[PDB]
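Reviewing the structure listed below.
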């Protein structure tokens, strides 16, 4: 072959924290079909938004929006339990089909995105240069979003563990932990990675009795 | 400058499932220092092994081993709660210092790796060609390790939720769930991504009452 | 656009010394059209062969042959004077049209190469890895072909200059020069770059009177 | 090795037409030593200027100047005959030694350029993005400089051939040729590649008798 | 719309 | 030695 | 066939 | 200074 139809830019979705998560890497030959399974960020979340992105930046807001759609009818569950399969399918014609399926309900929604959508040539080239100009800023954002999500995990898992602990947790421990949880909830609102790590650390330092209780319960 | 000291290959650690997780990307100018926070895979895990890797492959076994060391004295806790900070620090001399610190205990261990360690020039070039020859095989492995870890999450979270559910969970539901959990535990032993997804799906399909109970408890 | 039609490999022609000379660089978006003007290697050459190549190697024999054709009816001229324009034109359908036109006669010949010709995907990937595995061997070949062509230039230009010099050139000078020219003609047959440079040097060292005569004649 | 000392940018010299000609490619491991042999653009040229460049652009003026120096004492010769060997030698300390040697006289001049010279990190990254933003503009410039040099060749070779032709060339032919040579000399002053090709073509069209005479003389 | 999905 | 760390 | 072209 | 070298 003298030509190869390839994707000029990565294609993916926005995940928690406003980061692009790639489903089809830049320079993939089409036709192609990839899937990954995602979950909910909150207890009892009833719907997710699938926001389809084109580009090479880590920040979702810095990539091109191809469209978005909602999947609802997610059944009441703890965060992280539902399995929402997202598939990106680019056919022989260069049409992208994105679907999200809830593996519990079997409910599914799709967006179809015409071959002509997204960034034109000049934007594509600016994009490839921008990811490269900003590799460091993007790395730092990726590490911040990671820390923030780990903090959110710790926040929510700890609160759950205090509730299952009940009386097993001493008064002093529970005061220390809940002060720390408030401070971490606040730091999760900022963009200061060290501050989040500082509150996580404080929570790790005050929660040792709680962790023992939680481990012993199961 | 007419020269720039840069890393010829990525440096990282082996994480759960035998995948390399990069701490310092290929082509990073030194001196440099990056950190990320990791956790434990098991309830009550008392130690982790930090296995330092050089190379561009997704499979840890396909990269060059720079050394390994253990961090223990991790206090009894549920999987995913401990915060083990791993830092890669390459100084002006090209020496890599790797340390792991438990943020709860403050316990820390390090390995120091001389500038001369790891792959020589010819292996470096073979490595860069191999990651490229095997981009697809590596992608598939990465997606398998991801699915496997999500399945492991589901397995362990579900078992915890059955225990906290107790009598709240109907007899029929609990039979269906525990059959599914056994089947998923078995599939997690294989390398068949679809089979794991099939058992996860079955668990999602039988657990809807359990998820309602779990959400209501918190 | 979600796809971009680009050339997976460079396209060009074999030039003197068995090197690939690129007309359309790897990763060029089609449709595209490039041309370059070439000439003859020999006095009174009546025809050239246009040998169309696909790939990234410097050695023509290491690339994929897309086809070849001859342009003749080149009018009697000194080497390097005829202007043979070679155009590579890849249309919207991915068909490559290669033509060569003699700007003196207006005579033209073409080869048309179907979109499906050349290397398939797996060969393309092996090729991109091979150019990269062999960047040094290829560099050395390119420098050898360059030296050889410069030596050939010196050989032929010097012989022409001796003929126009006639009696103006002293007996001793002309003996020294013709011995050197024989030694260079022999070294041009090998693949030893230093040996060619050694004979060129010897010719430069013995020809100083000749160069003065040649400069003075014009 | 955990580090590799490599050149962040190409190093070369300015050649005829204001183009950078690379001697040491970007990403070359040091220590390294490459040489190429160049010649003079004019009859009786007595000196060349070696202008050392760092960067990835085709236009010499768009790269970083590392310094320049002259080699003189070139003996009287036709353009293209002298052999001026230029060597780039980067030692273990990252110091670049550039020398030019006239293989006829053995005369040599050098510039030594400290490891710290040239573009800093931020300029290096801007440079790599600029070559990439401007790949097309640079390609077009390279093809223009090529055409211009071929035109200059034709201009000068033709004038030499008219002089050796003398009476052998008919009156009508010599009028046509000299009108064409003036028009080409003018077009070589511009930057219009098609205009140069148009005058070259006209010269090829009027010179067929001259080429026959020139071929027959040798 | 609603929260984006989380990678587990 | 013991299990490798998990990325959270 | 015949010689390949030379780049001038 | 003077002309730059030409590549032959």
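Scanning chain A for the beta carbon that comes closest to the axis linking it by rotation to D yields A:129, 2, distance in whole angstrom.
Ranked from shortest, the separations from the 7 Å Cα-to-Cβ label point of residue B:143 to its equivalents in the other copies are 3.0, 4.0, 4.5 nm.
With a 10 Å cut-off around each Cβ of D:168-178, the average count of Cβ atoms from other chains is 0.
The mean sequence separation of alpha-carbon pairs under 8 Å and at least six residues apart, normalised by the residue count of the range B:35-93, gives a relative contact order of 49 percent. Ellipticity at 222 nm from helices only: DSSP H runs of n ≥ 4 in chain A, each -39500 (n - 2.57), divided by the residue count, give -13500 deg cm²/dmol. Contact order for the range B:1-135, expressed relative to its length and based on alpha carbon pairs under 8 Å spaced 6+ residues apart, stands at 23 percent. A convex hull fitted around the alpha carbon atoms of chain D yields 140 Å³ per residue.
Put in line by how crowded their Cβ is, counting other Cβ atoms within 10 Å and starting with the fewest, B:96, A:188 read A:188, B:96.
Kindly express, to the nearest 10 degrees and within the range 0 to 90, the angle between helix A:193-206's C-alpha long axis and the longest C-alpha principal axis of chain A. That works out to roughly 30 degrees. Residues within the reach of a label modelled at residue B:115 (point 7 angstrom out along Cα to beta-carbon, backbone nitrogen below 17 Å), restricted to the range D:10-38, are D:29-32.
Among D:189, A:174, the ranking by other beta carbons within 10 Å of each residue's beta carbon, starting with the fewest, stands as D:189, A:174. For peptide B:5-14, the mean count of partner chain Cβ atoms within 10 Å of a residue's Cβ comes to 3.
The other copies place their residue B:183 label points at 4.8, 8.5, 8.6 nm from this one, listed shortest first, where each point is 7 Å from Cα along Cα→Cβ.
The mean number of partner chain beta-carbon atoms within 10 angstrom of a residue's beta-carbon across peptide B:203-213 is 4. Neighbour counts of C-beta atoms inside 10 Å place C:26, C:126 in the sequence C:126, C:26, starting with the fewest. In the assembly of identical copies, residue B:171 has its label point, taken 7 Å from Cα in the direction of the beta carbon, separated from the corresponding points by 4.6, 12.5, 12.7 nm (ascending, one decimal). The protein assembly as shown has equivalent-ellipsoid semi-axes of 68, 30, 21 Å, by the square roots of 5 times the alpha carbon gyration tensor eigenvalues, sorted largest first.
Quick note: the coordinates plus some simple rules give every number you see, no bench work behind them. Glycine also receives a Cβ, built like all others from the backbone with ideal geometry; neighbour counts cover every protein chain displayed.
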